[PDB]
Every structure is written in C-alpha cells, then in structure tokens.
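The chain below stands alone and is given as structure tokens, in the form deposited in one PDB entry.
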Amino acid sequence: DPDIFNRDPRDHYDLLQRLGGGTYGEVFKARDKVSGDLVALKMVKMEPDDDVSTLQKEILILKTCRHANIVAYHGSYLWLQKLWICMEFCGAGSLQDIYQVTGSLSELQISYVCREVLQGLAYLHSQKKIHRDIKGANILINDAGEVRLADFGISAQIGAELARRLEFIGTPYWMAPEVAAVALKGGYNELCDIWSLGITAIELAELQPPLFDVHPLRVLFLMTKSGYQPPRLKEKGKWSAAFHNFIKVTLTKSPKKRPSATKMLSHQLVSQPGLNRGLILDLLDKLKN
C-alpha cells in the first residue's frame, strides 16, 4: 500500500483486549490515546521474504470500499514485521458472538440482517468484488444496531492466488473455454455469496449451519454428488412462507439460475416494511439481559 504508516500504531492507540482471530492474524480492541475513539486493530506477521500480495489485496479491497454495510477502513501500519489494519470497531461484535448468548434470532431480525447483507453484496458485486466468506462470524453489529461485512481475508487470498497464477498462464489461443474460466474467475462467480447468505439465514435461525455435525470433507463431497438437495429450515411452522422461499431462491443449486444481490433486494422477505435497526436494538437488549 502507498499510504501505509511506517511506524508502530501502539504510539497512537492503547490495545484494550483481543477481539478474536479471523482468516489470518488477530483483531484487537484499541483506544485512540488523544480522542478516546475505539477502533479495531487487526495484526498480521509480515515476514521479510513473504509474498505481500494477499495483505496488499486485502487493504486494497477495504480502502476502495465506501459503503455503510462494509466495515470502515482507517489506515495501515507496518512495523518490525507486523502489519496492522485499522478498522471500525463494532460494539456488539459478530452475529455468531451474539446468537451464542441470545439464542435464535426472530424472522424480522433475520430479514433486516439479510437486507443489510444484500445491500453490502450488491455494492461489492457492482465493483467486481466477491466476499467469498459470508457467515455469522463475519457479520458485525455496532452499538447503533447497524450491520457491517468484515474479514476480506478469504477474498484477498483468492484474488492474490488468481493474479499469481495468471502470470504462469501463457498464450490462451489453444485453451478450452472452461480452462479460460478457472484462469480468469476460478471456475465460479459472485453468486457463491448469495448461497452463503442463504446458509447464514439458516445459521441465524437454528444456531448452526446445515450439516455442522458432518465431516468438513464429507459435506464438500455430498455437494459434488448428483441429486444433491439444497438445505431447508428444520422447524416448518416456525417460519413464514416468504422466509421458506427466500431460503429456496438463495439456495438455488445452479448458479446460472441463482438470483443476484440486486434481484434479491426486491424479494418480499427483505422488501417488507418495518425492517430497521430497532429490531437489532431489541436483540442487543436481550444480550445485555
């Protein structure tokens, strides 16, 4: 990055506590020594012979995002083989941290979250970005009940490995169209995000994604099989017809048939009136007591 600070951020902030890990490195809650403003500081070990391409891609994605539903980016610091990414602190943490105390979210709470996640996804996809890691752990809630997408770690690793491999591609004139597709897009597109959101809606309703108790390799294997059935909500009478259909269209097995984020935004579940932050303020009141 060109605007990186060649100094230790602990000269400007005090590390209050560790917030978690993530795809790579760790996140600390930090306080600005002068202003008293809270920030999230993500620290990663940046060795002298390391590639650099992944961290460069991650800060590029964050730096070029200017949307309410994507975590704000403040700046980056490089010091003594440690890279620090300064981002917006989200007071209630992740939806996963929340539902683990609170229990399953209500349909209206899931609906506001889905609409906020879809707004962030429509923004990302419009500027040729893919999150690729949509899940409860990556959806953050600030004190105002606002929703922000975080952890572009998986996205950065893929973007870096795709650029790296595009150098060793060679001439394409003899390449089959499917070979061209894995070289340029990895063999899939941004609609993988729409499916992840559908799994996230179930995760929020049932406290775990479908097949959580099945071997990670076996779940991948079952998806590769013919006659693979997309997951569904367990408790049939707990949820409205709009919620069941939202799950049905987001979890369309074929990406050619799966709706885009913009189309999804006009779905009855996320288009309904009365979806606002107040629904999430009620969730946070339950977190506090």
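The first residue of the shown sequence is 1; numbering continues from there. Take the two forms, superpose them, and find the largest set of C-alpha atoms that agree within 1.5 Å; that set is the rigid core.
- Higher mean CA temperature factor between 175 to 183 and 198 to 206: 175 to 183, per the PDB entry.
- The stretch 214 to 222 shows the higher mean C-alpha B-factor when 147 to 155 is compared against 214 to 222 in the entry.
- Take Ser240, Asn69, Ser53, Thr250 and read off each C-alpha B-factor from the entry; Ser53 has the highest.
- Of the candidates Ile59, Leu38, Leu41, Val34, the deposited coordinates give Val34 the top C-alpha B factor.
- Remark: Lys257 belongs to the highest third of its chain, ranked by C-alpha B-factor as recorded.
- The deposited CA B-factor of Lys29 belongs to the lowest third of values across its chain.
- Placement of the Cα temperature factor of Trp84 within the chain: middle third of the modelled residues, per the deposited record.
- Among the modelled residues of its chain, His267 has a C-alpha B-factor that falls in the middle third according to the deposited record.
- When the modelled residues of the chain are ordered by their C-alpha B factor, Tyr188 lands in the middle third.
This next part talks about the form deposited in another entry, which is not shown.
- Fit the rigid core and compare the CA positions between this form and the one not shown: of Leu207, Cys192, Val182, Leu211, just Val182 moves by 2 angstroms or more.
- After superposing the rigid core, the Cα of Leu166 is displaced by 2 Å or more between this form and the one not shown.
- Here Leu233 does not count as shifted, since its C-alpha moves by less than 2 Å between this form and the one not shown after the core is aligned.
- Comparing the forms between this form and the one not shown on their rigid core, the Cα displacement of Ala242 stays under 2 Å.
- CA of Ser155 to CA of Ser260: farther apart by 3 Å or more in the other entry than in the shown form.
- Inter-residue distance, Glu58 to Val113 (Cα): increased by at least 3 Å in the other entry versus the depicted form.
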